[PDB]
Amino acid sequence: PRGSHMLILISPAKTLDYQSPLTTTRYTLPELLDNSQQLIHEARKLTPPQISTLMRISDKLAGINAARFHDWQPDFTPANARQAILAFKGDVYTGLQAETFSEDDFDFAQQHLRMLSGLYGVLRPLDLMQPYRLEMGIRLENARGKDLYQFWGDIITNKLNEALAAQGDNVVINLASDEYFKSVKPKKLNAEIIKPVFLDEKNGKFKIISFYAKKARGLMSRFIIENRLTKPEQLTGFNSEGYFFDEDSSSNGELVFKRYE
């Protein structure tokens, strides 16, 4: 893989959509399914009551997810799976708004965007995925350890490095939640890390407000893709929905964007 000099990382989503019209029919296949299969083997051992307490979800949703683990099999097709960038729904994906992407937009995203995933490890935008719930921070015991950080080890970082240029200045734009970015090993990552941070106002102070911040990470992802950005300095132009760059508040690889109420 050639890789590129700019890679965006975002979180996955809990809500999945396999019924809306496909915005593109082009797809690829996830590259870490041998690992995924091992996790499915463990996940299948859980009863629905165990899923409900472990994942803190309703009995009904635990049942649905028990069935998903039972039903999962690695021969992915459009009849049984959907591209990750289309399947995921939630605040990040509302900001990203992939349903308005052109085929060229999808090609740029396929080169420059990756979703982290408890089950799949690393997803490309066009990678088909079968439905699941397995959040990265879940304490699922496995052959390699007591949780998914121990399971994935350096694998996720190594896969991201494959998508980065072998030499030259690379940047990884961390637009993922800490739960997911914890699966990446910065000392082993072949890139500078830049973390755009979105702060909203409250009582004269600026703070991370989760529902706003998730949508903002999506808006920024879309900004980068739509404008085909190549360099870190270009990210400071982001101003969607009232955010503005704050240079003085930005250090240590954070790029801070503030927004008034």
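In case it trips you up, residue 1 is the first one in the sequence shown, and so on.
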item: Per the entry, higher mean C-alpha B factor between 186-194 and 113-121; value: 186-194
item: Stretch exceeding the other in mean C-alpha B-factor - 162-170, 101-109; value: 162-170
item: Residue with highest C-alpha B-factor in the PDB entry, from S36, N65, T230, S221; value: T230
item: Member of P74, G145, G95, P131 with the greatest C-alpha B factor (per the PDB record); value: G145
item: Chain third (lowest, middle, highest) by recorded CA B-factor, residue given as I209; value: highest
item: B-factor third for the C-alpha atom of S240 within its chain; value: highest
item: Position of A43 among the chain's modelled residues by C-alpha B-factor, lowest, middle or highest third; value: middle
item: Among modelled residues of the same chain, the CA temperature factor third for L54; value: highest
item: Position of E135 among the chain's modelled residues by C-alpha B-factor, lowest, middle or highest third; value: middle
